Amino acid sequence: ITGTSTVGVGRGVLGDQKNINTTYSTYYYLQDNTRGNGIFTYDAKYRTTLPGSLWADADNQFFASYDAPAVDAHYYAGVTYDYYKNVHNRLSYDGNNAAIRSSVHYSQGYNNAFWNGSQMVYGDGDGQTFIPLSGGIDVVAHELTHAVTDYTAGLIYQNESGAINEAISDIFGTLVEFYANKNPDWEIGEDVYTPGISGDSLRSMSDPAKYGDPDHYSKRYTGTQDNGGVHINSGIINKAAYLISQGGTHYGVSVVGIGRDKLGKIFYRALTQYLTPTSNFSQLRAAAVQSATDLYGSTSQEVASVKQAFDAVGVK
Ligand SMILES: [Ca+2]
Ligand SMILES: [Ca+2]
Ligand SMILES: [Ca+2]
Ligand SMILES: [Ca+2]
Ligand SMILES: [Zn+2]
């Protein structure tokens with residue numbers, strides 16, 4: 001909408017106070033004019049018609065319980081925007097400052113969030129398995145990263161290219177988490193998962209096996225469920241990514257960690273310059289080695305660490 005940029009205040013899903021960029025025109029809308037061609041957040045009002053209505057508030061204060069998922073979807077989209085712009089010089093998900101649109105209050109007791117080709121969509125959870133999913137910055141950035149992938153490599157959402165697609169989202173989801181520096185970890189979804197149980201999550205990058213996911217190629221899932229295991233076999237790549245960043249010894253193979261920023265630069269370069277819609281795991285390894293070469297040189301520690309990491313997860 002047309003109006004004037006203002007700054008509202010509210011509380012997110014976890015009860016934390018934050019400022020948000022809004023737009024005034026009779027009401028105050030969740031429309032952030034400070035990033036690209038705008039960040040826009042919508043109310044799906046418990047239904048599944050999208051995007052729903054642009055979020056409007058009478059007083060620019062967003063402390064109602066119903067407000068909290070909107071507050072975080074809006075805020076964490078901006079954090080994710082900032083990550084990609086400041087760290088990777090990428091302007092929004094298409095690289096040309098496309099408007100980032102999100103809808104919250106999607107459906108009833110909906111235990112999931114997703115990018116639907118055009119926008120972000122967040123359920124409120126059923127309150128047992130999940131609370132509103134926009135509460136999790138890694139969830140927000142994971143899903144926004146699918147838009148980035150769709151506009152770059154375009155990894156098909158099935159089998160190995162699909163699992164790479166998933167891993168890429170968990171990797172940058174995690175790096176955004178660290179970027180914001182609020183209780184960062186290498187697990188996914190912990191902030192909005194099972195409010196009655198502490199210490200768990202949907203997935204773990206550092207030990208995928210903690211939630212039944214493979215951490216080696218020889219353990220990969222090869223059935224037809226989950227589009228050929230995209231959220232399962234992602235563990236193998238996530239493991240490799242963890243090892244490149246933090247290092248360790250996995251099934252006897254030692255990896256010297258190079259840190260998150262370099263992991264981020266190598267995988268960003270791989271995603272945007274070498275990967276393709278049908279890339280398999282072995283092709284990901286080569287893209288990663290080639291990217292670290294570009295960035296650090298053939299003889300760098302960095303290149304060596306990348307090869308060690310993929311060796312460690314059985315990917316040649
Ligand atoms: Ca209000
Ligand atoms: Ca965390
Ligand atoms: Ca996390
Ligand atoms: Ca939990
Ligand atoms: Zn995903």
Side-chain angles (χ1 to χ4, degrees), residues 35 72-73 75-93 95 100 113 115 120 133-153 155 163-181 183-193 201-208 213 231 234-248 255-275 284 287-288 291-292 294-296 302 305-306 309-310 313:
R35 295 171 173 101
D72 278 344
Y75 187 90
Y76 293 142
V79 173
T80 306
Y81 178 96
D82 287 352
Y83 167 82
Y84 277 99
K85 183 178 173 275
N86 296 327
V87 171
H88 298 290
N89 204 15
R90 177 183 196 87
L91 306 176
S92 191
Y93 55 82
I100 296 168
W115 177 260
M120 274 314 307
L133 282 91
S134 57
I137 183 169
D138 47 10
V139 169
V140 171
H142 171 109
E143 291 307 324
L144 252 9
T145 292
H146 288 296
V148 175
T149 294
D150 286 355
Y151 273 91
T152 41
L155 299 152
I164 294 155
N165 186 318
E166 264 310 300
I168 292 280
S169 281
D170 284 345
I171 290 165
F172 287 111
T174 291
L175 295 180
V176 168
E177 193 171 298
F178 271 96
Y179 176 75
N181 200 23
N183 301 315
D185 52 61
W186 289 89
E187 292 223 9
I188 311 285
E190 68 283 350
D191 283 334
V192 294
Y193 191 66
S201 76
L202 283 157
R203 295 183 284 291
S204 185
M205 299 184 72
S206 58
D207 185 21
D213 293 326
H231 288 100
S234 57
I236 297 153
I237 302 313
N238 286 346
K239 181 66 194 209
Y242 169 81
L243 290 166
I244 289 149
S245 187
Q246 300 312 125
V255 190
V256 193
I258 56 188
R260 282 174 297 276
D261 296 357
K262 300 196 173 149
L263 167 75
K265 263 274 210 250
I266 295 151
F267 266 78
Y268 185 77
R269 181 163 189 90
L271 180 69
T272 57
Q273 243 104 240
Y274 293 113
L275 291 178
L284 168 56
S291 296
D294 292 351
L295 296 166
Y296 305 108
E302 288 88 357
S305 277
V306 165
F310 278 99
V313 300

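For the numbers below, each heavy atom of this structure counts, side chains included, while hydrogens, waters and symmetry mates do not. We number each residue from 1, following the sequence as shown.
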Of the non-hydrogen atoms in [X] and [Y], which two are nearest, and what is the gap between them?
X	Y	value
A180	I137	CB-CD1, 3.6 Å
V139	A113	CG1-CB, 4.0 Å
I100	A77	CG2-CB, 4.0 Å
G235	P208	O-CG, 3.4 Å
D170	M205	O-SD, 3.7 Å
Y296	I266	CE1-CG1, 3.9 Å

Rounded distance (nearest 0.5 Å) linking atom [atom1] of [X] with atom [atom2] of [Y]:
X	Y	atom1	atom2	answer
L202	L133	CG	CG	8.0 Å
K85	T80	NZ	OG1	14.5 Å
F178	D261	CZ	CG	11.0 Å
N181	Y179	CG	OH	11.0 Å
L263	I244	CG	CD1	6.0 Å
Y81	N86	OH	CG	9.0 Å

Is the number of heavy atoms from other residues, nucleotides or ligands under 6.0 Å of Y83 OH greater than 12?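 Atom OH in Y83 is packed in, count exceeds 12.
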
Can we say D294 and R269 salt-bridge, meaning some charged N sits less than 4.0 Å from an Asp/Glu carboxylate O?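 Answer for the salt bridge query: yes.
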
Is the backbone of [Y] close enough, under 3.5 Å, to the side chain of [X] for a donor and an acceptor to pair up by distance?
X	Y	result
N165	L155	yes
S201	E190	no
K262	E302	no
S169	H142	yes
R35	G78	yes

Sort out for me which residue in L275, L284, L175, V306 forms a side-chain contact (heavy atoms from CB on, under 4.5 Å) with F267.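 When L275, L284, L175, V306 are each tested with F267, the side-chain contact (heavy atoms from CB on, under 4.5 Å) holds only for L284.
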
Does a donor on one side chain sit under 3.5 Å from an acceptor on the other, for [X] and [Y]?
X	Y	result
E166	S234	no
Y76	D138	no
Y93	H146	no

Among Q273, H88, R90, exactly one meets side chain to side chain donor-acceptor pair (under 3.5 Å) together with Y268. Which residue is that?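 When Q273, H88, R90 are each tested with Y268, the side chain to side chain donor-acceptor pair (under 3.5 Å) holds only for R90.
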
Parallel under 30°, tilted from 30 to 60°, perpendicular over 60°: which one fits the rings of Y242 and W186?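 Perpendicular.
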
Measure the shortest side-chain to side-chain distance between [X] and [Y] over non-hydrogen atoms and say whether it is less than 4.5 angstrom.
X	Y	result
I237	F310	yes
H231	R203	yes
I164	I168	yes
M120	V140	no
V79	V176	yes

Between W115 and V148, is the side-chain contact (heavy atoms from CB on, under 4.5 Å) condition met? List the steps. CA-CA 11 Å; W115 177 260; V148 175; over 6 Å; no

